[PDB]
């Protein structure tokens, strides 16, 4: 049954797997109530942090009747809240994470693992109310967690504000399963489907009752190890994170799970966007039901100390069931009876642990890490500080974006740092001079453009890693990436740009210097200025200097792995192992570059004729002109005098012939989608009209400049 648009119906219902260009217009300006002048960086730098901290530290100790506070302190709940907000991150595509406060929107707000955090978010309204424009929910949600930690005795490594709120949810592939807590994502031995980073649909990392509900610690550890790995956490960081978290607070499963109402997005209006309404007892506090598990890890649930580990090794564990029928461990032979305080004044309870908590003692690598901390709790405190910090800042992008008086100076490898400007910067005259020098270097328009795109286009906008700043194109791994093709030139191109760097720098007027990283981008710009004149157009391509050159030591090769493009329609590259065909991988790539459909479109057309393609293949190259910047791609794409068919050599390519029956052009799926898809073709008709050529060049230059500048938060 097709439905009203206002109820969700549309063209996706008629052609289930059509290309959805709505990924190229998420969070549109028109749905943003702040208006165009709004600059959060400027707002949030007026915020009195101290007052905010204290305003938060009051909300924590001021219980509220509609969700009373465990042990008269919401801190632990907030820590969980923040950990869940940041804990959706995954390294494969850099999406998830706390960076856009997405936990307040669907689907995340209604994930089973985020049960009860609806009420946690609500409790902070009085803080938001007070601070308004100057404080994003995104910053608030994780700052609350960081304040909770400090409040209850744990001194963190620091904090950074900057996270800009958005107004419609970021749409993200979370898995194929159409049922909450479902599993259709493993294959082979236990290989987790790429790009997911959770073991079941609706969870953060793993199942707290062990794999598929099976409470075997040893196995659970394999799931922990691997999911946490896919959120950028190695064994140490992972163990630090779990013990540190579970040093505070408790689970909730005081009665049957079937007396819990529907999730927020499916709840009735009177609940005011809150869900999971419990008819068991008071439904809250004492009778709270969040996970279904009823554990309290430590006997100091609102203080920081070594209790968690002391208790983990200090007892022997056996399987039991919570009052809701979920697995958990409690201590053998009624040991530690009544040593654990009740959240609301009741009598004491026995020690308890999750299945997954036992993983930290049973798994041999984790045993070794946690035993060590059993006797050296200060190594724990330190490791938890670093990993917590990393956790809630992983998607913040370059350091430049980190704001506030709580940001520490120290450089961290995982931030993919770049050096500070150490010299003066090239002015107009030196830029102009350097462009000439590059044009005479003997490097072709194709080489220069390819190399510039290679480096800059490594940026992804999800976690804002990658980009041309750093000059990492010449380091491992970027330099040896198939798509960047070391077997092609590249090394020839690098060498030549290093020679020009040194020459300019040896003869520089006084104290101006230029980085390698700036020259790579500058080369492309020059090359494009050259191809503009070759097409009888005179323009200057804008260029913003400032990039600095990282070194191999300051570049984590392993972490850079996830940015290797396994596909890039802008160079007609298509590797193996992509989850959908080429036209969809093109769009997702455009998404990751923050590009709009117009922008995506101009770049493809421009890039092709400039000779940007992988191995310089002829695919898409609809021009007779050599390294000239024309709209030829478009004009030829709309030539009905040409007839397209799959290549006989059935290889994902197409042959376009004329009246004479001779192949005239070749193209791939990525090329032809622009003339097939009715929305994209519309755009091609703008850029392929007879009056279109100046506009094509202008917009192409603007889009190119946009990609070059993507990671340049240092000047914004």
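Residue numbers count along the first chain shown, from 1.
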Q. According to the deposited model, is the average Cα temperature factor higher in 437 to 445 or in 80 to 88?
A. 80 to 88
Q. Which is higher on average in the deposited entry, the C-alpha temperature factors of 220 to 228 or of 124 to 132?
A. 124 to 132
Q. Taking the values straight from the PDB record, which of 429, 517, 203, 259 has the highest C-alpha temperature factor?
A. 259
**Q.** Maximum C-alpha temperature factor, selected from 249, 545, 605, 377
**A.** 377
(Q) Based on the deposited C-alpha B factors for this chain, I'd like to know if residue 163 is in the lowest, middle or highest third. (A) middle
Q: Looking at the entry's B-factor column for C-alpha atoms only, identify whether residue 479 ranks in the lowest, middle or highest third of its chain.
A: lowest
Q | Ranked C-alpha temperature factor of residue 683 among modelled chain residues, by third | A | lowest
Q. According to the PDB entry, is the CA B factor of residue 190 in the bottom, middle or top third of its chain, that is, lowest, middle or highest?
A. middle
**Q.** Chain third (lowest, middle, highest) by recorded CA B-factor, residue given as residue 460
**A.** lowest
